[PDB]
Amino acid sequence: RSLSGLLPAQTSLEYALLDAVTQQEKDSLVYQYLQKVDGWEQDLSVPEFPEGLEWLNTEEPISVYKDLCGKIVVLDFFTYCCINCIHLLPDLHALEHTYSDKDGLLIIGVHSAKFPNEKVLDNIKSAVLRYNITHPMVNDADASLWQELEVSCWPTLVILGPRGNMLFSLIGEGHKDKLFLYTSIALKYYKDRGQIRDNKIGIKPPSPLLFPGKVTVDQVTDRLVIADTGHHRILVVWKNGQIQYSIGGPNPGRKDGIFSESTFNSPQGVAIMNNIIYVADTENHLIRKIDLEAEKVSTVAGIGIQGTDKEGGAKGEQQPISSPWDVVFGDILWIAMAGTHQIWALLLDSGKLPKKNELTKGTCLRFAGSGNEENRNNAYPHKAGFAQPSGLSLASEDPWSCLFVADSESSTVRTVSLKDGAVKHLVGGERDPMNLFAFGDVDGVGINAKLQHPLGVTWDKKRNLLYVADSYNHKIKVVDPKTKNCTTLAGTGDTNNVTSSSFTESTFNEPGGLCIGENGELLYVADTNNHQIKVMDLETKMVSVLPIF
C-alpha cells in the first residue's frame, strides 16, 4: 500500500544498472523489471485523488481510475518554496515536450505544501505563472496522498502504469537520466502489451511589472534597479518613477551585448555601484554585469547550467553556480547561493577573504555553508549550514562588521562576520540545526520570534535596524540586532491589495526583496505577487505605490 513496496525490487534494478556498460543492457534490465512488477498478483495501487481538491491547468478534476486509465503517469510531489522542486521543473518540462498526452504520458503536480501560505490556491496560481508550469496541478494542501504513500522528501516522483499500478519512485532532484529511462521503457512495455490509449486529456494582463523579485537603490544618485523577474528583464528607474533603461525581455535568454540584444532568465538579486549593476540571473545559473556608462551586458560567473559544486575556486565563467538569488557589493560581490545552501564570493578585484589565502581576480568560490540544507550556526564558516539563502545586506561599519542573511527554508535571519566568517543566529527558528519547520508569525527576542520563508533583508546604517521582508506572512518586520528583538513594521497579513495607507493598515503579497534609500527616509519593497514596488516612508509611516511610466 506504500512506496516501501517498490524498494527491495527497484534498488535491485538500480544495483544492476550501475554494472550495465551498454545503454541496451540498461534498457533490457528495466524491461525485465517491468515484466516482474506488471506480472505481480497484487498491484501497489495508487490511492485516488481526494474529492473536491482544487485543480489547475485542467477543465475539471482528474481521477486516476476514470481519466488516467491507458496512460503512464508521473506524479510530482512538490511545493513551490523548495529550490529542489524548482530545479526539477526543467526536467519535467523536457519530458512533457518529448511525450504528450497522445503518446501515453501525463505528468500531475501533486502540490503538497510545506508552509501554511502555500495552501492558499491563489498563491499556488501565482507560482504556476512565475515558474511556467503547463501540466495538471492538484492542491493537496493537507497532503493526504503524500501521507498515504509515505512520501518523505521534496520532490518525489512516482511513475504509474496504465491501471494506477506504482512502477518506480525517484526521490529528490537531478534524476533526469532515470526519469527518461523509466518513463520511456514504461511506455515501450505497455505499448507492446497494447494497454496505452492515444486519447487526449483536457488542459488549460499587460501590467508594467510582472512578479518583480527584487529591488535595490543607488546610494549616490537614488535611482532604483528593479529585477522584473516575470518579464525576464532589468529596469533602471529614476526616484520619481521614470524609466531610464529597460534591459531584457520579454522572453528568456542568456544573450550579452547591447541592451536591445540582451536577455535574462528570471533574474532576482540586483546590486549597483559606480554605474555597474551585477544581476543574479537565477534560472540561467549566471551572474551578469550591466555597464550603464558603456551600455553593454556581459557574463561574469556561471557556465549557464545548474552547478553541484559546493567548494568552487575556478575563475568566473569556468565556475558552475546554482540558483544565485541575491547579490551585494563588499572589492568583492557577495552571493546568496540558494541552490547549494551557501554564501559565495566573486572577487571583482584580486584580494583575500576572512580565513582564506590571497585569491586572483575573477575567482568564484564558497565562503560560508557546508552545502547541506541546515539551520546550523558555527564559528567556522565551512562547518555552518544555510537553507536556501535568498537575501543579503552588508553592514561593514563597527560594531557589526557582518553580512545579514535571510535564510528562507529555515525561517531565520543570520549574521556572517566579515572578520572571521562566523555564522551566528539573529532571529527566528529553533535550536535544532536539522529543524527546517520552525516557522510562524510571532514578534519576540531571538528564537522566540517566528518568520515564514523570509526572502529579503536590508540594513539601516542610520537607525542600526534590519528590515526583514517576511514574505509568506505578507509583512515587513524590523529587527534590532543588539537586543535581537523582532517586531512587525507594516502589513496586516492579508493579500487584498491597498495602494495608499498607514504601515499597520497596509498590505503586501509574497514580497521577494527590499532595500533602504541612502537618506534612510524610504524603504523600497518588491511586492512580487501584487506586480508593484511599494515605497514605505519611515518618517510619515505611509506606504505608497511607486508609479512606473
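In case it trips you up, residue 1 is the first one in the sequence shown, and so on.
The stretch of deposited sequence separating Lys204 from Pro205 contains 4 to 9 residues lacking coordinates in this entry. Missing deposited residues between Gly330 and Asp331: 4 to 9, all without coordinates in the entry.
The stretch 125 to 133 shows the higher mean C-alpha B-factor when 278 to 286 is compared against 125 to 133 in the entry. Note on 494 to 502 vs 37 to 45: mean CA B-factor is higher in 494 to 502.
Sorting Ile258, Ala338, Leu455, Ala301 by the CA temperature factor given in the entry leaves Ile258 at the top.
Of the candidates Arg414, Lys200, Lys477, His87, it is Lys200 whose Cα B-factor is highest according to the PDB record. In the deposited entry, the Cα temperature factor of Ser410 places it in the lowest third of its chain's modelled residues. Sort the chain's modelled residues by C-alpha temperature factor and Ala9 lands in the lowest third, per the entry. Ranked by Cα temperature factor within the chain, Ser63 sits in the lowest third according to the deposited record. Looking at the C-alpha B-factors along this chain, the one for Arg254 belongs to the lowest third. When the modelled residues of the chain are ordered by C-alpha B-factor, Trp334 sits in the lowest third.
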